[PDB]
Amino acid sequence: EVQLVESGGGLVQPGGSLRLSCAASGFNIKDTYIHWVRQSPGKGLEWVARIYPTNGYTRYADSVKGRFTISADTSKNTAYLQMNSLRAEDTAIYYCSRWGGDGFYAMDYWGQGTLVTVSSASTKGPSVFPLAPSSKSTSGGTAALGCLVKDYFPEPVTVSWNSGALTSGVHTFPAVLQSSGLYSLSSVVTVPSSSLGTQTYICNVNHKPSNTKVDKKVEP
């Protein structure tokens, strides 16, 4: 099973530096090309760099040349992107991918991606508030309840319900940037009205940039 896993993404100030890693498994990077590709509101999908670890040859996008360097350690089966002199327009999801694997001339495996946010604003953990079920959140014998995850920076936060046991009927809304420059989102789920008071409902909130982990019990 071929897998690529990116890490190292995070909040960084303009002009600052960051180093991303791309850990490969289920194949050897010595047998393929490895690319970095990023994705942003401004430019959509934009190729960043590539390397052929077998011989060390590299190529870069004009927009990052001199500021970013790609490298690979075949002994750890891992590729890296050093990112210096960072700017607002470098904010993006950064993916690593392979090309030419098993002789397929396309990017056939991509990692989950790692978020780089270039900003002068400070990290802030969210407050998590109950969205309690009530007579105003129920109809047809179903009830809605949730958690409001308010005032954090930067993205992302993750929300799960009952440790991932509860997935049916869950809507976690896309984050919205408030005027304060902080993000907020709600996650809601709809459940049988009759289960309220007998079945426990907990939203598990994680905001890794601030090391915030909250498990909030939501009650009638």
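Numbers for residues come from their place in the sequence shown, where the first is 1.
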Averaging the C-alpha temperature factors as deposited, the higher value of 73 to 81 versus 127 to 135 falls on 127 to 135
Ranked by mean Cα B-factor in the entry, 160 to 168 and 44 to 52, top stretch is 160 to 168
Based on the PDB entry, the highest CA temperature factor among the options 88, 92, 96, 106 is that of 88
Quick tally, chain-level thirds of C-alpha B-factors: residue 17 sits in the lowest
Chain thirds by Cα B factor, record data; residue 113 belongs to the lowest
Of the three thirds of the chain ranked by Cα temperature factor, residue 181 occupies the highest
Residue 190: CA B-factor among chain residues, third -> middle
Of the three thirds of Cα B-factor ranks in this chain, residue 11 occupies the lowest
